[PDB]
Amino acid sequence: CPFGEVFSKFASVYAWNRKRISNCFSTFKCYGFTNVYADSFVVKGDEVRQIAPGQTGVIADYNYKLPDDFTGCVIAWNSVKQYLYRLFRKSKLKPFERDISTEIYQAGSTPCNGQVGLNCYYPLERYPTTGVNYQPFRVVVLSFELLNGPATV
């Protein structure tokens, strides 16, 4: 079980990683197997609460969403050794949806044609000795899958 492989380089919240696990901390809240999924990304301490059913916010709507029927748990520890997040998006993200596109966000009537400027902004915004709330908090989420078939855990 490569649980030590999950906990040098991490991925941003907008590009969160999921890993297929089979046949094997400041915040720890459980809510709820054939399959278990390891979600690893990073958000600041303010947005840790976004990883929960019944959520609203920049991370919840446009970066990472929980299915409101979560049968799993959320793991996270303190300040991070070594980050992007999606700020501009037209619609809310679906549960477990991942958005990679870097297309210029069109906030006006005229289109952008890939050029940043008036009413045309990059959807992704860049994230020591500051408030720990705004310091990165690595977040690990485990999703449990249970269907009518042989289990693998």
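We number the residues from 1 along the sequence you see.
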Per the entry, how many deposited residues between residue 32 and residue 33 lack coordinates? The answer is 10 or more
Looking at residue 82 and residue 83, the deposited sequence has unmodelled residues in between totalling 4 to 9
Entry B factor averaged over C-alpha atoms, 54 to 62 against 88 to 96: higher for 54 to 62
When mean C-alpha B-factors in the record are compared for 37 to 45 and 106 to 114, the larger belongs to 37 to 45
The third of the chain into which the C-alpha temperature factor of residue 123 falls is the lowest
